[PDB]
């Protein structure tokens, strides 16, 4: 109805990916862009997961997501939040030097966390995301948990 407080955010994340085959640990840098309407934040992000240590079959995970988030007001620069995320997900496996990708899978996740306002234009953000990514070319019940820390600049 009237958009405002456009912004960009970068996060670093410790992640755990799981499936019916097992689980693995790694890192999940994220970049997003967004804005506020009403008291809601909307954002698009690109995330890419890598293993710390490569299993016999190494892989990467990629998503592009759309998030809707509610920020709780307190009497303070500390602001809890709660949200939901829809995503398009792919996996990668290296094959003679080159990545080869899986089909695309729709994912559904929850996000929560806390922001701190450093100044009226800059926030720090400590978060948890959980994503149900489902079935990625053969492998079942793919899911991830991510703990993150980032910076948001509302230009």
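Numbering follows the first chain given and starts at 1.
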Self-check item: Greater mean Cα temperature factor according to the PDB record, 31-39 or 114-122
Solution: 31-39
Practice problem: Can you work out whether the C-alpha temperature factor of residue 91 puts it in the lowest, middle or highest third of the chain? | Solution: lowest
Exercise. Would you check the entry's CA temperature factor for residue 16 and let me know if it's in the chain's lowest, middle or highest third?
Key: middle
Quiz item: What third of its chain's C-alpha B-factors does residue 139 belong to: lowest, middle or highest?
Solution: highest
Quiz item: For residue 63, does the deposited CA B-factor place it in the lowest, middle or highest third of the chain?
Solution: middle
Exercise. Would you please rank residue 8 by its C-alpha temperature factor against the other modelled residues of its chain and give the third it falls in: lowest, middle or highest?
Key: lowest
